[PDB]
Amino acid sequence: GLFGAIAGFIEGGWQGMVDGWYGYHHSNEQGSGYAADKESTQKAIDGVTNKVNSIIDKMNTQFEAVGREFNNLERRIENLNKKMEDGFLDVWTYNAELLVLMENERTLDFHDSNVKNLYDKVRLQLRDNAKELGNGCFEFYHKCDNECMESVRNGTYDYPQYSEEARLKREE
């Protein structure tokens, strides 16, 4: 959508992931398996939970209609009562409906932004050390073990350590 990640450079999602909303999938010699981003699947569930809770609270004080009766010589005021209560019911229906439409869109793009930002989080961590295929993936110039792939996620990453078999592997 707006941040070109979900269904952007990345054309689809992964049926195979189920531990969380966003994450990484690794395909190395020492194994293969999926893994979820605890630190960023959490940030988003929290944010989206505030959305849902702030929308309900914002609405919990809308008009509350009340029955009122009038006699056949108060038809003017009965019609005034009527057009009033409908009018508010409409003002609050328009409110609810559109608040939902608006925040739905923002919620999607919020997921877009979250995915792209994750890609950049890693992309900056490796630089030249890995190649950008262009469809959501990083092709390691070297060989990364399972304690190294979980280091790109761990938060920091041994580039000075790994820089060595990277230039070496680059020339050819």
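Residue numbers run from 1 along the displayed sequence.
Look at the mean CA B-factor for 1-9 and for 161-169 in the entry; the higher one is 161-169. Look at the mean CA B-factor for 102-110 and for 54-62 in the entry; the higher one is 54-62.
Based on the entry's C-alpha B-factors, the most elevated value among 31, 67, 47, 136 belongs to 31. If you compare the C-alpha temperature factors of 143, 43, 116, 123 in the entry, 143 comes out highest.
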